[PDB]
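Novice: Have a look at this one before I ask anything.
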Ligand SMILES: CC(C)(COP(=O)(O)OP(=O)(O)OC[C@H]1O[C@@H](n2cnc3c(N)ncnc32)[C@H](O)[C@@H]1OP(=O)(O)O)[C@@H](O)C(=O)NCCC(=O)NCCSO
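Residue numbers (PDB author numbering): 2 to 146.
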């Protein structure tokens with residue numbers, strides 16, 4: 002797996018295929034992509050972009066840490082899961098975030114992926130909530146100080 006920078010526009014296809022296939026493509030054009038300091042990483046395997054992850058600065062009112070980043074659009078293509086593609090993106094992002102002085106990385110995780118974030122050392126906070134039309138989510142975070 003090779004981790005490389007990618008542009009926001011490079012994430013839309015996999016966001017649409019994996020996360021939001023039953024909505025128009027504009028639903029994958031996350032407004033947070035246009036927030037200050039946003040960046041995106043791709044995981045490449047055998048000539049193909051097969052994993053994506055997007056990050057931007059956002060402080061959650063219920064999490065503690067002066068500088069925080071949110072993860073959006075975490076996805077790995079079927080066929081290429083279980084190869085540490087996603088973990089590789091998160092670890093590479095943690096380097097970038099640590100270098101920027103970020104204290105914490107958080108995600109409104111799909112509950113179906115909660116065990117993935119747990120393996121990466123994230124904790125859950127609060128309760129499960131629903132996010133139309135993409136189902137149950139739970140706040141998860143990782144302190145990176
Ligand atoms: C969740 C994920 C991005 C994981 O990507 P991946 O590239 O397969 O992850 P990975 O780095 O290989 O997996 C790391 C560890 O977590 C585990 N894992 C992966 N997906 C998991 C899940 N959904 N639930 C529990 N554990 C999971 C792996 O088995 C691995 O554990 P081991 O080291 O013990 O073998 C991918 O399954 C996916 O795209 N799922 C569908 C979309 C999704 O739910 N994305 C998360 C969005 S949060 O808003």
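Note that the Cβ used here is the ideal one computed from N, Cα and C, for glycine as well.
(1) Any idea if residue 71 is buried or exposed, counting beta-carbon neighbours within 10 angstroms, 16 or more meaning buried?
(2) Measuring from the CB of residue 116, is there a heavy atom of ligand 1 at a distance below 7 Å?
(3) By the three-class DSSP mapping on this structure, what secondary structure does residue 93 have?
(4) Buried or exposed for residue 74, please, with buried defined as at least 16 other CB atoms from any protein chain shown within 10 angstroms of its CB.
(5) Quick check on residue 55: buried or exposed, where buried means 16 or more other Cβ atoms within 10 Å of its Cβ?
(6) What are the start and end residues of the alpha helix (DSSP H) that includes residue 62?
Specialist: In short:
(1) buried
(2) yes
(3) Residue 93: helix per DSSP, three-state reduction.
(4) buried
(5) buried
(6) Segment: none, residue 62 is in no alpha helix (DSSP H) and carries neither H nor E.
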